[PDB]
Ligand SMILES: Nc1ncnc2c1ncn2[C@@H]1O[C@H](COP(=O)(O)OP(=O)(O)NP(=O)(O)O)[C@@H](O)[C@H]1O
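Taking the form solved without this ligand, here's one chain by itself in structure tokens.
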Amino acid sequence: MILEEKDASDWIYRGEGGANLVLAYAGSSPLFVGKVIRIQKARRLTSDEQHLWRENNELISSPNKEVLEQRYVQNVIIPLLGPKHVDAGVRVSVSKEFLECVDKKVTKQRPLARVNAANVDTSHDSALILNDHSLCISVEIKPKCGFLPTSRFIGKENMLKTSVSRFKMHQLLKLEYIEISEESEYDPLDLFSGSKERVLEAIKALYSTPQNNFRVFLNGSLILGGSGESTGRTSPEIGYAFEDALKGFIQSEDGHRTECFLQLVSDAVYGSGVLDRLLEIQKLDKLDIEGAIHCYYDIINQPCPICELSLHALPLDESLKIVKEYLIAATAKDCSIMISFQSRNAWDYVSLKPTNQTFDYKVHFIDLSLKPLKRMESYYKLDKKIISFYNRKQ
């Protein structure tokens, strides 16, 4: 396997983040049918991190960020969340001339949002081939953190943290900085509750105010939510079009499909059990950032600007493990959930009782980033800004 210039006519632009481009397969080859390709963009491990991750040697010995992320997903994440819901991808060889071709294609096809985005990195010789999770109604949920901290290291001035989800508090700061059109009714505690009624309530809230937490795809094309944490509450107009976009797929009368869809997503999520395993990893944040931040300053060997005498007394081994676990928690807190459906016709699944319909589903965790050690400082600063603002507004 080696991709090159004539193969580049087989891939269409799908999307991108800050670091990677995603192209979908448009060709015919039984090899890449239902596959996407992840290509590194140009930009322009540290020893501490190498010391922090020393346990997993392959990770520290990775020659580039692509390999680093794959092995983090494969070697650190998969043992925690299980292979069933995580696709780490298959590395493929790529030629410089393939990449140079993809470059020209991306600059011509990128949406307006992305017209000045970074070039493809043409020095690279590898890309990642992954299953297309959109291929089918696809539902992407960014759930955020689903528990309330109880930590001893949370001081008396910050006690609302013990009472009010980090998400709900953040909404107020977002609304202050004019980043959202209004407060979302979504509560992660509901979604992670293990309660059927509460999950459905969460899904309805996500549908109503998607922000950047709820997107729905038809065959990989956005039919709800999308670019705009800033885009507002689902309007009559948007609601109506979405209802119609569901026609044929959900077999109910005009106007009733949306409610069946929401039920379907709710049943899939609760049924799958995927939130429980995710919640466990979020809870690898055992101390709260207000605890874990002290351990951080002991790893980078610097006086602590926060000072918790006992956290600084720990042996180095135990500090490394705590930050390590916080950082893995941070992956789980910031990942997304992709639920893919297809309807069975009369000739893992969910049923709708009024419809008499059946739906295959698959669930994957996506967006599983390795968090750089240094980010602890910004984890702390954001945390301090969130609570003081909520405190100030109470």
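Note that residue numbering begins at 1 and tracks the sequence as displayed. Definition used throughout: the rigid core is the maximal C-alpha set that superposes within 1.5 Å between two forms.
Below, we turn to the form solved in complex with this ligand, even though it does not appear here.
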For the chain seen here without its partner, which of 32-40, 59-67, 350-358, 45-53 has a heavy atom within 4.5 Å of this ligand in the bound PDB entry?
32-40
Identify, from the list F217, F249, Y297, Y270, the residue with a heavy atom within 4.5 Å of this ligand in the bound PDB entry.
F217
Only hit among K168, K204, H133, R71 for heavy atom within 4.5 Å of this ligand in the bound PDB entry is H133
Would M338 show up as a contact with this ligand in the bound PDB entry if we use heavy atoms at 4.5 Å?
yes
With the partner left out of view, is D285 within 4.5 angstroms of this ligand in the bound PDB entry by any non-hydrogen atom?
no
Taking this ligand as it sits in the bound PDB entry, is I12 in contact with it (heavy atom to heavy atom, 4.5 Å or less)?
no
Give a yes or no for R257: in the bound PDB entry, does one of its heavy atoms lie within 4.5 Å of a heavy atom belonging to this ligand?
no
Members of 10-24 lying within 4.5 angstroms of this ligand, judged by heavy atom, in the bound PDB entry:
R14, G15, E16, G17, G18, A19, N20, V22
After superposing the two forms on their rigid core, pick out the one entry in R166, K105, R215, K174 with a CA shift of 2 Å or more between the shown form and the other one.
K105
Indicate whether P372 shows a C-alpha shift of 2 Å or more between the shown form and the other one, with the rigid core used for the fit.
no
Taking the rigid core as the reference frame, is the Cα of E185 displaced by 2 Å or more between the shown form and the other one?
no
Tell me, please, whether between the shown form and the other one the C-alpha of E16 is shifted by 2 Å or more, with the rigid core used for superposition.
yes
